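What follows is a short report on a single structure.
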Amino acid sequence: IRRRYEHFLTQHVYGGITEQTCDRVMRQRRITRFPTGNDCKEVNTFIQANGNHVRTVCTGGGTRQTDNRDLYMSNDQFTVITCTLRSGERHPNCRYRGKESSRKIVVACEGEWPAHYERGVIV
Ligand SMILES: [Cl-]
Ligand SMILES: [Cl-]
């Protein structure tokens, strides 16, 4: 729960993300394909915002789907950067291309806490 929130922050929340800096952050945060081991995650999206800001999607700043009652779509647009694996199979060799877009974000909320990045939608 608190560990699920912290996992979500690690995987999906980085205010300093750019299209050209996927590789450093994916490596440093050790973001992987599976819950254990060393494998490069194929696709990973960072929301370009702070954690407390992203949390608000679960406490009034989002719309239940629903669809799936655990999923909330943000009312505001967020900038996201999607990092897609270009080469490498294991850290420290994971190389990504990054792509910025502006989207409403859809997060799974476990009560007041974001737990999963479901997707980002446009308009
Ligand atoms: Cl993702
Ligand atoms: Cl490798």
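Hydrogens, waters and symmetry mates play no part in the numbers below; they use all other heavy atoms, side chains included. The first residue in the sequence is number 1, and the count goes up from there.
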Quiz item: Sub-3.5 Å donor-acceptor pair from the side chain of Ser74 to the main-chain atoms of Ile105, do we have one?
Solution: yes
Practice problem: Output yes when a side-chain donor or acceptor of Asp23 lies under 3.5 Å from a complementary backbone atom of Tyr96, and no otherwise. | Solution: yes
Self-check item: Co-members of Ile122 in a cluster of I, L, V, M, F, W and Y side chains, linked at under 4.5 Å
Solution: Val123
Quiz item: If we ignore angles and hydrogens, is there a donor and acceptor under 3.5 Å between the side chains of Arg64 and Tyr72?
Solution: yes
Practice problem: Write out all pairs satisfying disulfide bond (SG atoms under 2.5 Å apart) with one or both partners inside residues 27-57, taking only residues at least two apart or from two chains. | Solution: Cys40-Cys94
Quiz item: Counting N and O atoms only, with roles assigned by atom type, does the side chain of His91 sit under 3.5 Å from a partner on the main chain of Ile31, one being a donor and the other an acceptor?
Solution: yes
Exercise. Taking all heavy atoms of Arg55 and all of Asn52, pick out the closest pair and write down the distance.
Key: NH2-OD1, 3.0 Å
Quiz item: How long is the span from the OG1 atom in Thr84 to the CG atom in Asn44, to the nearest 0.5 Å?
Solution: 9.5 Å
Practice problem: Write down the atom of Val54, the atom of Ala49, and the distance for their closest heavy-atom approach. | Solution: CG2-CB, 3.9 Å
Quiz item: With sequence neighbours excluded, what pairs up with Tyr14 under the side chain to side chain donor-acceptor pair (under 3.5 Å) test?
Solution: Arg24
Quiz item: Shortest non-hydrogen contact from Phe46 to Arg29?
Solution: CE2-NH1, 4.0 Å
Quiz item: Is any side-chain heavy atom of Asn38 less than 4.5 Å from a side-chain heavy atom of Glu89?
Solution: no
Exercise. Determine the minimum heavy-atom distance between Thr59 and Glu112, stating which atoms define it.
Key: CG2-CB, 3.6 Å
Quiz prompt | Close side-chain approach of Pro114 and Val57, heavy atoms under 4.5 Å | solution = no
Quiz item: Does one side chain, of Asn93 or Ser87, offer a donor that lies under 3.5 Å from an acceptor on the other?
Solution: no
Quiz item: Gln48 side chain to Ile17 main-chain N or O, any donor-acceptor pair under 3.5 Å?
Solution: yes
Quiz item: Would a distance-only check, ignoring hydrogens and angles, find a side-chain to backbone donor-acceptor pair under 3.5 Å from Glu19 to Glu100?
Solution: yes
Quiz item: Could you give the distance from CZ (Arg119) to OH (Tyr117), rounded to the nearest 0.5 Å?
Solution: 9.5 Å
Quiz prompt | Any donor-acceptor pair under 3.5 Å from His12 side chain to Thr45 backbone | solution = yes
